[PDB]
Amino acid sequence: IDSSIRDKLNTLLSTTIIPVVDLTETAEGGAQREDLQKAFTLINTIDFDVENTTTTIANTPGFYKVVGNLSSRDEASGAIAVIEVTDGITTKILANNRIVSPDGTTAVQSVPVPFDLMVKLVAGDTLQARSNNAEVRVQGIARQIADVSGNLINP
C-alpha cells in the first residue's frame, strides 16, 4: 500500500473481500431519516413576524434551520428587511429584501423574497431578523436542528 490514505487513517485514528452487515443504525437507537428529524413542531418552532424592530431568532450555539420571506423593495429603497448573523463586531446579511429594479415607473410592485438557511452559531453569535420600517417584514420559522457538536435534536 503506497498512499493520503495513511494520512486520513492517521487523522481518524488484504486480498480477501469480507461480507459484512452494518449494525450502526440499530446500535445508534434506530434510523432517523433527515426529513422527519428536521420536522417543525408547535413546541420547537421559533416563529417570527418582524416589522420595525430587531428580533433575535437564536443566540445560543448550534445549527439552525431558518425559512421564510422578506418584503421585497426597490434596491434603492430606504425600507430594509433582512436575516443577519452577528457577534456585535461583524454582521453579515444572509437574506436581503432590497433587490428589485423597476424601470419606467415609480409604482413598484413587491413580492416575497424566500430564504431557506442552515446556520451554525458558536458562542457569542446571534441570528436575528431586522426590519427598519413599519412597511416591511421578515416572516418565517426556525428551529434548532442540532447542538454545536453536531448531535441531532429530536423533533
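Numbering starts at 1 and follows the sequence shown.
- The entry models residue 23 and residue 24 with no unmodelled deposited residue separating them.
- The modelled chain breaks after residue 3 and resumes at residue 4, leaving 1 to 3 residues of the deposited sequence without coordinates.
- Averaged over CA atoms, B-factors in the entry run higher in 15-23 than in the other of 135-143 and 15-23.
- Note on 56-64 vs 27-35: mean CA B-factor is higher in 27-35.
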